[PDB]
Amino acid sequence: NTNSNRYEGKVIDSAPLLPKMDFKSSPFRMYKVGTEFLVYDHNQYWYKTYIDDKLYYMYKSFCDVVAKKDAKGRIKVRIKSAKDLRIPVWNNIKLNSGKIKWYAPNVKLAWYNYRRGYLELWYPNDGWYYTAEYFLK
C-alpha cells in the first residue's frame, strides 16, 4: 500500500541554470552553493550567460554580486551559500508568481511526484503547493 509516488527529502543546495526563463524547463546545469560564474544583466529577475554559443538563464535572487563588470559587461556572481540561499515553492502549477514559500536548503519536506512535470506539496492550512522536480531531493 506504500505510496511509491510519495517522497521524503530536503531542499537542495543548488540553483538551476535554465535554458529558458521558466522554472518548468529542464536545467542545463545545477550550480552548488558558492559557485562563481559570469553572467549578463538580462531583465528585472533573470541573468543570462553563454555556454557553447547557447543562452542560459539564472534567477538573480539566487546569486551574490562579488565583482564589478568587466570589459564585456559580464557580472561575476556567486550562488548564495546555504545560509542565504532561498528556494521557492509556488501555489500554482505554472511555477510563476502567485504565492511563494521560500525555503532554505536542507529543510525537510514531503512531496508527491505523479509525473505531472512538478512536485506537489500538501499544506494543512494552505492547500496544495508546487515546486520544480529538481528543487527537492
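Quick note: we count residues from 1 along the sequence shown, nothing fancier.
When the mean C-alpha temperature factors of 23-31 and 47-55 are read from the deposited coordinates, 47-55 comes out higher. When the Cα B-factors of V89, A67, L85, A110 are read from the PDB record, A67 comes out highest. Annotation for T131: C-alpha temperature factor in the lowest third relative to the rest of the modelled chain, per the entry.
Sort the chain's modelled residues by C-alpha temperature factor and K76 lands in the middle third, per the entry. Ranked against the other modelled residues of its chain, the C-alpha B-factor of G117 as given in the entry falls in the lowest third. Among the modelled residues of its chain, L95 has a C-alpha B-factor that falls in the highest third, as given in the PDB entry.
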